[PDB]
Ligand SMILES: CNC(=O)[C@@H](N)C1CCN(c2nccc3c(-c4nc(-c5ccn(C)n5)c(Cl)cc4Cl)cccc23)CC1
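Listed next as structure tokens is one chain, alone, in the form deposited without the named molecule.
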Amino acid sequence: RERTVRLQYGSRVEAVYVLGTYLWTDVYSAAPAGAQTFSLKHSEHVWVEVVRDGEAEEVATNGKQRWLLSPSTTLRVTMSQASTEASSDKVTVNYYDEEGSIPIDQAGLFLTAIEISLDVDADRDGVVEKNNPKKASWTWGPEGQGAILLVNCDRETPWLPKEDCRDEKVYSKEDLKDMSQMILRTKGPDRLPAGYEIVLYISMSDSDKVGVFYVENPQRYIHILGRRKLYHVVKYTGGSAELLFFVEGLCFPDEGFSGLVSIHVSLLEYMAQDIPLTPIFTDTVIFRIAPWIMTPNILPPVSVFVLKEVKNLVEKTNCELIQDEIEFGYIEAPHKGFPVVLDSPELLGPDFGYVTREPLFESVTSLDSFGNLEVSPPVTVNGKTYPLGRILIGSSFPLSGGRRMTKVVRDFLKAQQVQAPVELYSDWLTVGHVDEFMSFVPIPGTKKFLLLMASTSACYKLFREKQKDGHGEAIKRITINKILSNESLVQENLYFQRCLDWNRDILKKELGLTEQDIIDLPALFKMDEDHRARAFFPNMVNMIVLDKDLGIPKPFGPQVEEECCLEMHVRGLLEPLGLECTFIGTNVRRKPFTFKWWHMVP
């Protein structure tokens, strides 16, 4: 920051100097008529250079030296410590005529040096460091830097109809733990010279994305910037001082909002009461509002929201106790984080947040329900790494006039960025959800997961062996022989295997999977009036994954032995990998990724 401060003909000019800047001072155009030359004195804590045509040249406090007055001869003025009274530090310039060794005129510059810094935790360790030089940027990765801000979308105070960020008030110091800290640090004399004030400010646009709070009597809570407050004039305190503000996020990254926001402080010179002039200094900090993050099946379960055997299966973990209403995610900053639940178009408590997106022109379908919303385990895809996974959403083809999740949920999910969503084809299903045909399961040593796919061809292959084994009479009276000889039903399932393979191909491509990673599970569909699939027997892939325990729907199909040839087959596949199958809607809150989302690389 090089800033212009001209000397004024015959006058003494008072200026405030902010440490970290330097002044360029025109001496020439202040010089009286007929001067040929100037000297200068300057005080201890002012560094002064004289500068002709690039050629810098420092000067002592006391020298009697003269130079030749030219427009190419200017000064550069620095100061290296704040002032303890106003003025005191100074630079004075003498102008001497052709001979005359007494100055004809003089011009001065009376400086008060102050330090002003607007500080945040840009290095992301939870401590608000002193003027991080990257605080005005935001970059990704471990070596990256820039401060993070949560949406205050929980509720500290239960009497309250809405989430904290919904008002412009704070009713509890518990709240401030959800907020990011920003400290205005100043260092100067005991009052500002006349006609200066310090003003925090934000843009009209950011004014619905942030709220800033001052803690008075640290106690009362003052809303200074935010909704309908774009600026706040700050009381300067002298000497070394710190003001503490608390910043809350109000909106998630979304269509038309990247999640970056700015807060500024200006030292504004005035010409009067009102008549503001120009900022003589500005400092800026950036916050990135932290995205909403979903949790996959490979992540350890903490609590299962659910009659009888759901409870009994969960006693083998240390979990507590519709899938279509709710998706559990979280939000995380270096300081704080907490579960936040997305709501399909009120567990709203302390440290349990809430988002919805309601359509406006558009209307909801079955594809909006959050069984149509899943996320992979972490993956690498041609080198790019997805440490938090990829969100998966069932769709229809774009020209097919079929169904689609609302744009407003879709844009929301895209806007979060860190789980780079992938669209699948679920609209061949009557309900239309990705959870009807695919699931992930961890392999309990690793680090490594499996994709489970429904497969009609595996089902026909299984039955043709059973009919061969003579279990064709194994059972409105449904036997294998009965199904196998149903030609019409066979066609439908060839068409459904086609839909399943389309998705198989997307999933492999976008999650970097191979056939090694995929288990096909036998499954069978009947075509409804719309030509869409609905399950024929209980849909086994549509399970609960409580670690290594799998809560798999009970098939009850054409059976043999004292159990079933489907429960034997599915047990045969999963159990030899580590996984304990229990055969029996639910919805499991999980442990966050230990992986911090801000370390993610572009």
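If you superpose the two forms and keep the largest set of C-alpha atoms that fall within 1.5 Å, you have the rigid core. The first residue of the shown sequence is 1; numbering continues from there.
Novice: Is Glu358 unbuilt in at least a third of the other PDB entries compared?
Specialist: Missing in at least a third of the others, so yes.
Novice: Quick check on the record: how many residues from the deposited sequence are absent from the model between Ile584 and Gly585 (none, 1 to 3, 4 to 9, 10 or more)?
Specialist: The entry has 10 or more unmodelled residues between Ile584 and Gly585.
Novice: In this entry, is the chain continuous from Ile475 to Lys476, or are deposited residues missing in between (none, 1 to 3, 4 to 9, 10 or more)?
Specialist: Going from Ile475 to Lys476, the model skips 10 or more residues of the deposited sequence.
Novice: Which has the higher mean CA temperature factor in the PDB entry, 47-55 or 23-31?
Specialist: Averaging CA B-factors over each stretch, the winner is 47-55.
Novice: Mean CA B-factor: is it higher for 224-232 or for 272-280?
Specialist: Between 272-280 and 224-232, it is 272-280 that shows the higher mean C-alpha B-factor.
Novice: Which has the highest CA B-factor per the PDB entry: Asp528, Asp469, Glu487, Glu332?
Specialist: So the option with the highest C-alpha B-factor is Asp469.
Novice: Take the CA temperature factors straight from the PDB entry and tell me which of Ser88, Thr385, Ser439, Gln491 peaks.
Specialist: When the deposited C-alpha B-factors of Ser88, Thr385, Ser439, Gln491 are compared, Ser88 is largest.
Novice: Hey, what third does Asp206 fall into on Cα B-factor, ranked over its chain?
Specialist: Lowest third, going by the recorded CA B-factors of the chain.
Novice: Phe352's Cα B-factor: lowest, middle or highest third of the chain?
Specialist: According to the entry, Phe352 has a C-alpha B-factor in the chain's middle third.
Novice: Looking at the entry's B-factor column for C-alpha atoms only, identify whether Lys311 ranks in the lowest, middle or highest third of its chain.
Specialist: Highest third - that is where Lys311 ends up once the chain's C-alpha B-factors are sorted.
Novice: Place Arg124 in the lowest, middle or highest third of its chain's C-alpha B-factors, as listed in the PDB entry.
Specialist: Within its chain, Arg124 is a middle-third residue by C-alpha B-factor, going by the deposited values.
Novice: How does the C-alpha B factor of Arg166 compare with the rest of the chain: lowest, middle or highest third?
Specialist: Middle third by C-alpha B-factor.
FYI, the form deposited with the named molecule bound isn't displayed, but the following is about it.
Novice: How does the site look for the named molecule after superposition from its pose in the entry with it bound: open, or blocked with 3 or more ligand atoms within 2.4 Å of a backbone or C-beta atom?
Specialist: With the named molecule superposed from its pose in the entry with it bound, the site reads as blocked.
Novice: So which of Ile286, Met453, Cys251, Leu348 gets a non-hydrogen atom within 4.5 Å of the named molecule in the entry with it bound?
Specialist: Spelling it out, the residue with a heavy atom inside the cut-off is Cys251.
Novice: Counting any non-hydrogen atom inside 4.5 Å, which residue from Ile331, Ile148, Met405, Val120 sits next to the named molecule in the entry with it bound?
Specialist: So the residue touching the named molecule in the entry with it bound, by this definition, is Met405.
Novice: Considering the named molecule in the entry with it bound, find the one stretch among 159-167, 296-304, 454-462, 382-390 with heavy atoms no farther than 4.5 Å from it.
Specialist: Among the candidates, contact is made by 159-167.
Novice: May I ask you to check whether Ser369 falls inside a 4.5 Å heavy atom distance of the named molecule in the entry with it bound?
Specialist: Heavy-atom contact with the named molecule at 4.5 Å: present for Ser369.
Novice: Report whether the minimum heavy atom distance between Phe449 and the named molecule in the entry with it bound is within 4.5 Å.
Specialist: Result no; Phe449 lies far from the named molecule in the entry with it bound.
Novice: How about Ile104: is it within 4.5 Å of the named molecule in the entry with it bound, going by heavy atoms?
Specialist: It does not: once the named molecule is placed as it appears in the entry with it bound, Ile104 has no heavy atom within 4.5 Å of it.
Novice: Verify the contact flag for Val364: yes if a non-hydrogen atom of it lies within 4.5 Å of a non-hydrogen atom of the named molecule in the entry with it bound, no if not.
Specialist: Flag for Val364 set to yes.
Novice: Give, in sequence order, every residue of 331-348 that has a heavy atom within 4.5 Å of the named molecule in the entry with it bound, or say none if there are no such residues.
Specialist: Stretch hits, in order: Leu342, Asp343, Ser344.
Novice: Picking from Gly512, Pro276, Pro334, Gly238, which residue has its CA shift by 2 Å or more between the shown form and the other one, once the rigid core of the two forms is superposed?
Specialist: Per the superposition, the moving residue is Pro276.
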